[PDB]
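Take a look at this one chain, the form deposited in one PDB entry, written out in structure tokens.
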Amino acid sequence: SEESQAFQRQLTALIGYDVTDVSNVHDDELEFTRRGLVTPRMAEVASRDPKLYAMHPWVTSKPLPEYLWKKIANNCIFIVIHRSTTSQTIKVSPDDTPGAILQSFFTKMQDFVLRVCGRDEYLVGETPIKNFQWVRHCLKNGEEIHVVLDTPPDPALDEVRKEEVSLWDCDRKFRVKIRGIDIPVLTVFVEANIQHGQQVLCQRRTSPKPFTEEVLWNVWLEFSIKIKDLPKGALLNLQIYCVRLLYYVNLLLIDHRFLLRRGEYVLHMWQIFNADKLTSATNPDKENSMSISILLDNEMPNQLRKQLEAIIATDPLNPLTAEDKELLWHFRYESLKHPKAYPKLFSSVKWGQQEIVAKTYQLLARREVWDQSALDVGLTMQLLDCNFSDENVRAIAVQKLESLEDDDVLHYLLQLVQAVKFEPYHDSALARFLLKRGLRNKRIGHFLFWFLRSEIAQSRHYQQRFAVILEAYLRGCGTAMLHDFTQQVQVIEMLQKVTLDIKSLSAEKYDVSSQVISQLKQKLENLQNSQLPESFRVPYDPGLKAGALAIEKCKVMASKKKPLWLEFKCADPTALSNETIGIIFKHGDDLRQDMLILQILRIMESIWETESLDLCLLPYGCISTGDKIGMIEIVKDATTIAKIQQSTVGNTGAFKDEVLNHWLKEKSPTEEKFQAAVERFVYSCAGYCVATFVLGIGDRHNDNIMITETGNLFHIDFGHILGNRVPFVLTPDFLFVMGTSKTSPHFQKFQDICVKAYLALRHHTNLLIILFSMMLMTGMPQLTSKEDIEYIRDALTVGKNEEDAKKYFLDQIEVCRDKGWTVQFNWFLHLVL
């Protein structure tokens, strides 16, 4: 229909990709997936509470932190309620449901709901107020809980549109006819590898022929694998060699319909590990890319129990030898009693053997131990990586994810969305899981949209698959969100244009012009006049709605990339703050890497949360919105650590100790408040000391480090260092705020938090190892070597004794004392040659 044809154009503009495009496919896999996803989409729309979906209560069932329980002069805590300048503070119990406070209103002074002042965050549902995320945020910040007596938002605004083995198999060895290669404009050979979970089952090469625009072979490449032995999820990896790899392409030997791939194929190749090297998608640039023409016509002993128990224990990056694999496979029923052995056991399977594969499925039936076990995110995710191409293995991991509460989904989301790059087929248990969790909760859904949209907008390798998952979501989120994302995209597209034009205007030559700041205000006034939405939603903080720009407050930052500095008025008039919303728009670096580091930082804070530690990290908002471009959060009242040095000193290099504490006393209204800033610095520094070290992003210029007037420290621009000696940034100016020029009471405390922190991350070695190895593979293609991945092993000191490693970190701190300003001076010198 005419109104159905227009709905798809609204989807296309939102997605950033035309999903109804068949000009780059050799099968109907994406269409089979659009169609396949219709049922889990309609099933989650129909299953969700309309009243609770509309209000998206953000809650946790995690035990209330020990540090935060102490914040209350226990048992009865007070919160402020508003309703037309009628504001009364009410003492409420932490175990009180919102309704208990709602019916306490009739007694104090239903048809109305408790909403937070300034943001779209309702305190609703049958949950104790201690379990609401906003309340916990306010407690820790030393901030007053302010709510307004709003009315419940209409679930009718969330209105949804109505509309929607293998048998070619025989004993014969598998063969593929390589006809030749063609590019529009040494010697060249083609490599044919049968891959399953990165493990090469069989490898065959061609006779090298002279390098020409049309190379022909007409050769049949018979493999050692029988047609019957081919496992579903296996890839035919075609690679072109000089000995250097030039081009590569993949083709899924078994269909999404379980059919062996028979026929003539002209595959457009990708030009030169990386997750992009795994893609089933062909190159869209059919005009410039090389193509490949192909044809397809077809009781246990103690000494040994000690050995596999030692294997079970070794980290996710320790390789298994044939000895280990054979042992694991033979004593597989024992290995099944230990859930932390499943990644090792499933990597001991001979996937190129139907017999072994069937036995693995027989072994999978007796999942009793696996299912009854407590969900290990580090173990679950380990089975979703590149080493696992089996659908049934991947599903048992996706099964454990079904038990994550919306709080923990939102937490591992980016990495679960990235884990989709490891799936053999477009339709998968994981893709579906992500769809259900998103369609169910607006916060999971809002983030899902941008997370998918970032990859769609800058990867020709996975945009097709990701675009399909997005259309499926967009069709079930509702008209409210469908309108809400529309105004978010309109604002981003306009601003991104402004960002690139102003980057072009500025020379790149160190300093910024008066006419550049004038042209910005002039271009912002043209956007503000008309076309730009009256109000929109902040993509990194969906709670906050941004109204109209503060054109006078907007400027162009004095950096080599020339980013935008934008201030926005809050759309809410209940904003009990004057404060504008500050967003930085920047073209230059891949903010997909900042996004990743920022997410692990959020994980480390949660790891510390369980050990009752708050290390005051500041993982600010950041969304990659397109090719080498995106938006960033402005952390209010913060300044560059180098800019504080550049103030007193005025120029590069001298660097005085006291300067830091000088600015701290300068920017603290009371010495009684300065004592709290000293306290906030001592562990906000400790947090970033540990974190950056573990992730190997500790060697950074003091320009890339910031501090608030309240003394909270934070590292910035992570993609800058990732697009390329000391352990971390601990400098004499920081050591001066502690009282060390030697030991002091604060520096003693710094090390104590550092040791308690480095050891707390170590109790989660395997989680951090998979998150890191996955992050490098799916996000940063520069650092995708065996050696780059293995950094987290040495950093976390795997296998080392708890006391022996506690010394390794205290020794690392001493390398900072050894080298006071040695490389901070070298960095300052380097960034000016």
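Don't overthink the numbering: it's just position in the shown sequence, from 1. The term rigid core refers to the maximal set of C-alpha atoms that superpose within 1.5 Å between the two forms.
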### Message
Please check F747 against the other PDB entries of this protein that were compared: is it missing in at least a third of those that model both its neighbours?
### Response
no
### Message
One third of the other compared structures is the cut-off here: is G626 left unmodelled in that many or more?
### Response
no
### Summary
Looking at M109 and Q110, the deposited sequence has unmodelled residues in between totalling 10 or more
#### Entry: Residue range whose averaged C-alpha B-factor is higher in the record, 725 to 733 or 355 to 363
725 to 733
### Query
Looking at the deposited entry, does 749 to 757 or 460 to 468 carry the larger mean Cα B-factor?
749 to 757
### Message
Among the choices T279, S606, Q593, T743, identify the one whose CA B-factor in the record is greatest.
### Response
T743
### Residue with highest C-alpha B-factor in the PDB entry, from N250, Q528, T321, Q415
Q528
### Query
Compared with the other modelled residues in the chain, in which third is the CA B-factor of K70?
highest
### Task
Comparing against every modelled residue in the chain, figure out the third that the C-alpha B-factor of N801 lands in (lowest, middle or highest).
highest
### Query
Based on the entry's values, in what third of the chain does the Cα temperature factor of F772 lie: lowest, middle or highest?
lowest
### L448 by Cα B-factor - lowest, middle or highest third of the modelled chain
lowest
#### Entry: Within-chain third of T12 by Cα B-factor, per the entry
lowest
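The same protein has a further form, the form deposited in another entry, not shown here; the description that follows concerns it.
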### Message
Can you tell me which of these residues, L52, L68, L783, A43, is the one whose C-alpha shifts by at least 2 angstroms between the shown form and the other one after a rigid core fit?
### Response
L783
### Query
If the CA atoms of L783 and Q203 move by 3 Å or more in that other deposited form, do they move toward each other or away, so closer or farther than here?
closer
### Task
Work out the direction of the Cα-Cα change for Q782 and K560 in that other deposited form: closer or farther than in this form? It's 3 angstroms or more.
farther
